[PDB]
Amino acid sequence: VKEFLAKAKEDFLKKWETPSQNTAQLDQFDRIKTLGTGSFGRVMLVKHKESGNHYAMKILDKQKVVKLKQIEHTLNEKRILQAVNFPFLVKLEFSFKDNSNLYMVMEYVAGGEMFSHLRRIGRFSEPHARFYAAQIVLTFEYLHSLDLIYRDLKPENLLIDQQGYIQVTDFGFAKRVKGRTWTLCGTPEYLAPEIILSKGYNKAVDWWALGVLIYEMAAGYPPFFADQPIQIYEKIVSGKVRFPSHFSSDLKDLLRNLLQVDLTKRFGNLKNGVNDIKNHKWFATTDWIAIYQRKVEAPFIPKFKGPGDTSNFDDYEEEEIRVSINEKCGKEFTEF
Amino acid sequence: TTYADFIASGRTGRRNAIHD
Ligand SMILES: Nc1ncnc2c1ncn2[C@@H]1O[C@H](COP(=O)(O)OP(=O)(O)OP(=O)(O)O)[C@@H](O)[C@H]1O
Ligand SMILES: [Mn+2]
Ligand SMILES: [Mn+2]
């Protein structure tokens, strides 16, 4: 492991240092359907005409980005995504901008969002959840190892591959930081106490969000939910958690350690690092390696009928794409 | 029940990220 990561650190760095720019043009793709949406941008199923391959195009309106103050985060996102390389992260194929927008062309993860399935089935069995969990674990250990923070773990941000494996998308909040950071970033239900507390934070936030994830997947709902955000933040800080009756003691306990309000008591943020987790009872049958190798028994497999089949995503109103005669915010995005 | 409680809440759909 330490071994692997070692080698891993070098790739990243090289890419980190010399990030790629404008590897394609709008024209070289055919707009198909809209796969999903977010607070910032949109994702369309696109098709590379010269190749015949499908991909996922993320469009960001330059002006909209500026208005929501996401100039620095966007740059991070593109910068971070092009350099990482892990079996559970989406692949960014191309990137380019135009007079009005920013584009990131990624591999298309057909399986759909874990969200849709989860909300579908209503809940995942302990073992099925442990499968995903296990994958997220390795992903953070990898990310954290590159001094990176993901800060936006949610089922809406997790895609299912053709093999039942996890593809992590949305690197919009990703940040390379040695030290504390203070931005209020996330998704309400996944926010860690210290974030909502405007107290300065680190990687431990990724760990908290993981407990929230495992909980939701196993329970079928979040540990803290209300109708408006402020009410959530409030429950989240109360420091009280309730577990469903069908949660093995093992589960209950791991979660106890992850949903630890006190960051010096937080699994992942302790002495034994990620080992505290990997070593946890609930994880006693998990073959970390087989998993990394994608050699494990995938509980569920989304089935898709034909390349470019979008049955695993919801339907979205098609906004049309628009490029202006004049450049909008050139300087601000000089490095994309 | 909790589940019942959740399903009638206003946050069952997809949740967007927070910003300003
Ligand atoms: N590579 C991909 N393959 C298939 N669908 C994807 C891909 N990337 C994103 N999607 C879909 O696009 C949706 C929104 O993209 P994304 O989450 O990056 O936008 P955003 O503006 O960053 O959203 P958020 O509000 O969570 O920050 C996802 O939730 C998912 O349904
Ligand atoms: Mn997202
Ligand atoms: Mn995002």
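We did not get these values from a lab; they are worked out from the coordinates using the rules stated. Using ideal geometry, Cβ is built from the backbone for each residue, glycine included, and neighbour counts are taken over all protein chains shown.
Calculate the mean, over all residues of peptide A:40-52, of how many other protein chain Cβ atoms lie within 10 angstrom of the residue's Cβ.
The per-residue average across the peptide is 0.
What does the net charge come to around A:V65 if you take all other residues with beta carbon closer than 13 Å to its beta carbon, with K and R at +1 and D and E at -1?
Every neighbour counted, the sum reads +4.
With the contact rule set at Cα under 8 Å and sequence spacing of 6 or more, what percent relative contact order holds for chain A?
About 20 percent, as a whole number.
Arrange A:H54, A:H246, A:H128, B:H19 by Cβ neighbour counts within 10 Å, fewest through most, would you?
Starting with the residue having the fewest Cβ neighbours, the order is A:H246, B:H19, A:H128, A:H54.
Rounding to the nearest 20 debye, state how big the charge dipole of the stretch A:168-254 is about its Cα centre with +1 on each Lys and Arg Cβ and -1 on each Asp and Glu Cβ.
Around 420 debye, computed over the stretch A:168-254.
May I ask for the distance between the Cα centers of the stretch A:175-227 and the stretch A:9-30, given as a whole number of Å?
Between the Cα centres of the stretch A:175-227 and the stretch A:9-30 lies a distance of 29 Å.
Mind checking the mean number of beta-carbon atoms from other chains within 10 Å of the Cβ atoms in B:7-15?
Going residue by residue through B:7-15 and averaging, the value is 6.
Name the residue, out of A:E126, A:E156, A:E50, whose mean-square fluctuation peaks in a Gaussian network model built on chain A with Cα pairs under 10 Å.
Greatest mean-square fluctuation among the candidates belongs to A:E50.
What distance in nm separates the two pseudo spin-label positions at B:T12 and A:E17, each 7 Å out from Cα along the beta-carbon direction?
My value for the distance between the label points is 5.3 nm.
What stretch of chain A, leaving out the sites themselves, is the longest with no trypsin sites (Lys or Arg not before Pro) in a DSSP loop having at most 15 other Cβ atoms within 10 Å?
A:70-177
How many nm is it between the label spots at A:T285 and A:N85, if each spot is 7 Å from the Cα in line with the beta carbon?
Output for this residue pair reads 3.5 nm.
What is the sum of charges, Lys and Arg at +1 and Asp and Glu at -1, for the other residues whose Cβ falls under 15 Å from the Cβ of B:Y3?
Cβ neighbours under 15 Å give a net charge of +3.
Remind me, relative contact order of the stretch A:151-193 in percent, using alpha carbon pairs under 8 angstrom and six or more residues apart?
So the answer I get is 43 percent.
Can you pull the one-decimal nm distance between simple spin-label points at A:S198 and A:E319, each 7 Å off the Cα toward Cβ?
Reported label-point gap for A:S198 and A:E319 is 3.0 nm.
Around A:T264, under 14 Å between beta carbons, what's the net of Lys plus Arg minus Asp minus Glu among the other residues?
The answer is +2.
Report, in debye and to the nearest 20, how large the dipole of the stretch A:111-157 comes out about its Cα centre when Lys and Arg carry +1 and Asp and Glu carry -1 on their Cβ.
Dipole magnitude for the stretch A:111-157 comes out near 280 debye.
In debye, nearest 20, what is the charge dipole magnitude of chain A about its Cα centre with +1 on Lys and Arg Cβ and -1 on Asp and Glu Cβ, if you could check?
820
Full extension from A:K305 to A:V1: what is 0.36 nm times the residue separation minus their Cα-Cα distance, to one decimal in nm?
Extending this stretch completely gives an extra 105.7 nm.
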